[PDB]
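Worksheet for the structure shown next.
Neighbour counts are summed over all protein chains in view; Cβ atoms, including those assigned to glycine, are modelled from backbone coordinates with ideal geometry. Values quoted throughout were computed directly from the atomic coordinates according to the rules given, and no laboratory measurement underlies them.
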Amino acid sequence: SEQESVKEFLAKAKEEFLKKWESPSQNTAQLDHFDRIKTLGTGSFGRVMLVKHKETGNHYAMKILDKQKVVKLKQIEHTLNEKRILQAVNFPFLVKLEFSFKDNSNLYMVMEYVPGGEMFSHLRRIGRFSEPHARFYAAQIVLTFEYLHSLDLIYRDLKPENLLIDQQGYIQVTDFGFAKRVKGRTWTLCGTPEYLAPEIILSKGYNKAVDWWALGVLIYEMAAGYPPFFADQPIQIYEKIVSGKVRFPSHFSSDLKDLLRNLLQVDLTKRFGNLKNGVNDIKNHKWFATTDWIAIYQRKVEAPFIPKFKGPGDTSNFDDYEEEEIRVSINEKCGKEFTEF
Amino acid sequence: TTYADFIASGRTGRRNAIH
Ligand SMILES: Nc1nccc2cccnc12
């Protein structure tokens, strides 16, 4: 019966998703609706800024992409994927896209501001999470991937840098730059080196099973404090990933190592999340035996910690970044390429 | 220790995506 409820929930969620997928929102604000405050993070396409929406006084995180840089990096379709998908999804652990628009120079995605900082920052500072704390975060990713995959979406960039902690201590996934809706296999070389599945590195067709591999990398890094495969040169990271070998800290519980051997499985025909039982091989694993999946979804579980908050618009949980003045050209750049944005 | 090796490595900062 629990499984049928999940089925019915995801069926209704897909009906809502497809309505927005087929009829995406467009041009729902403009730049001078916002006061720009501070850069929260940077990336190859641009930067994410803390902004204040003038008419409501709400704070948001505004992702800014330079259209010319997107084109140079061959990320046009990925960027169209990112916005089309983000404006259509709805889940507790996915950041909410509130507005989007473009101008002569840039694309803008305006998201709910998540004030607690990147999981990356807390994880590096504290060293490692306890297994209960790592389980709390991991359970949210499990449910988020069950949601995304049911919509034929593959996320493809799971890492602590992309997981934000909200004021309740829960996770918000951001950065859908590599998210893709696909029923077949796909082939694009993309992701982050430490998190790449072997079939990506080896240039095979791949599917949603790469997200479950990446979950194994995330859980490992959360509980160990370092990822299962690292080296100073990416090539050496890839050699470790495809080798089939993995070692675990001596403090890893027996259940945690068994779960990770089934997630960090090089053989697609054996990898948890890709078998006949789908995600239920993960949700029913002994390591998750105390996890109340509904309570997690409803945010009724006490969080490991609540991030510090001095006030609204406070960024103390984020690093400082060099500020650059947002310039808008007098001429429209790349209009045809981004016409649907 | 593996942790000491990690902390001394070049990969403890934010990791860029590849493509
Ligand atoms: N939605 C967000 N809120 C706060 C900080 C963020 C940093 C990068 C991307 N998105 C963010």
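Quick notes on this structure:
- Tally, over the range A:201-217, of residues that are within 14 Å of chain B (Cβ to nearest Cβ) and either surrounded by fewer than 23 Cβ atoms within 10 Å (Cβ to Cβ) or not in a helix (DSSP H, G or I) (or both): 2
- Cβ-Cβ under 6 Å pairs, at least 6 apart or on other chains, the range A:33-54 side closer than 12 Å to A:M109 by Cβ, far side near the ligand (Cβ under 9 Å from one of its atoms) and not in a strand (DSSP E or B): none
- Take the conditions (1) farther than 26 Å from A:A11 by Cβ; (2) crowded, with 24+ Cβ neighbours inside 10 Å; (3) within 15 Å of the ligand (Cβ to nearest atom); A:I171 misses just one of them, which is (1).
- Taken residue by residue, the range A:218-232 has no member that is more than 13 Å from chain B (Cβ to nearest Cβ) and within 21 Å of A:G43 (Cβ to Cβ).
- Filter result (surrounded by 23 or more Cβ atoms within 10 Å (Cβ to Cβ) and either over 14 Å from A:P160 (Cα atoms) or within 14 Å of another protein chain (Cβ to nearest Cβ) (or both)) within the range A:115-128: A:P115, A:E118
- Which numbered condition A:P227 misses (of (1) assigned to a helix (DSSP H, G or I); (2) within 20 Å of the chain's Cα centre (by Cα)): (1)
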